[PDB]
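Take a look at this single chain, the form solved without 5-oxohexanoic acid, given in structure tokens.
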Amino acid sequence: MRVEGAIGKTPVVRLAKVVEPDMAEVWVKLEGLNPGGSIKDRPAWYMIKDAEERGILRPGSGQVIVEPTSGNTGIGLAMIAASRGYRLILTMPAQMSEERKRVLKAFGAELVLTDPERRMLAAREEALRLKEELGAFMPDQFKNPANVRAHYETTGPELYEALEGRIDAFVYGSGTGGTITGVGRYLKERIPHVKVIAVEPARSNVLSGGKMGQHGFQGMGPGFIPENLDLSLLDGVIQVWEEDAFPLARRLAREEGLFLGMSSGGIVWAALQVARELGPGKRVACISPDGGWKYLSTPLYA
């Protein structure tokens, strides 16, 4: 098989030190163990495979794929494009870190650096311009239903099976909305009482009725409500602060041997809050989007 075949089937671990006796069990699915280093491997593969199934793409064609991202989705798309023979162009603000650019270029992605002042807007604009000029395929991660489908068909079933259908609450820090929608729907169809709780940065708390803002939870909290997020599934929203999440992420690494990413610290912090509310005997499940490997040069581990 090829690298795309190695995506998924990730393990789930039960926290034992950062939890307290009055809390429900807390289980964390480790998506950083994917070949691309994050949970985004799943929607990256699904969006490309879906495009192949629909006839938009054919592998080994050299066809162009373009997406305005420099994050985990960019890494996942680059990995798949490399394996299946597609030309990938990623647009992103020019103030992008050298480290991240090196990872993307390692996979052969072409990078187009856009106006640092216009931020994400300029990146989106260039991706649209390229899509039109080249007749390229744009995954469109925030609106593509195949993103949600990836989680409804793989992540959800895996989580449900591993925890033997015993889940009282599912907690996740939403980015594109694909994971919480896909997993959330899968669980709610089988567990009548399960609660689906979204997590977002207090500094960019739009789901809570607040306002967008800069924050340090890379990968989550886009500052807007994506089309792939089904709000009707949510039973609540927990706002998290880096001041609380980062120290917790460090505890996870030193006390549980779980070296996770920035968003994982926020997600697990929220999961613990839910665990205290539900109490002993109950089970809270959450997902770690990625490991700490890409963040050694950030406040989390610096």
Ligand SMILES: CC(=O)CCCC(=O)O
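Numbers for residues come from their place in the sequence shown, where the first is 1.
Not on display, but discussed next: the form deposited with 5-oxohexanoic acid bound.
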property: Residue (of 107, 137, 142, 186) lying close to 5-oxohexanoic acid in the deposited bound form, criterion heavy atoms within 4.5 Å; result: 142
property: Contact flag, residue 73 vs 5-oxohexanoic acid in the deposited bound form, heavy atom cut 4.5 Å; result: yes
property: Close approach of residue 220 to 5-oxohexanoic acid in the deposited bound form, 4.5 Å, heavy atom; result: yes
property: Contact label in the deposited bound form: residue 34 to 5-oxohexanoic acid, heavy atom within 4.5 Å; result: no
property: Residue 156 within 4.5 Å of 5-oxohexanoic acid in the deposited bound form, heavy atoms; result: no
property: Stretch from 110-118, 156-164, 212-220, 186-194 whose residues place a heavy atom within 4.5 Å of 5-oxohexanoic acid in the deposited bound form; result: 212-220
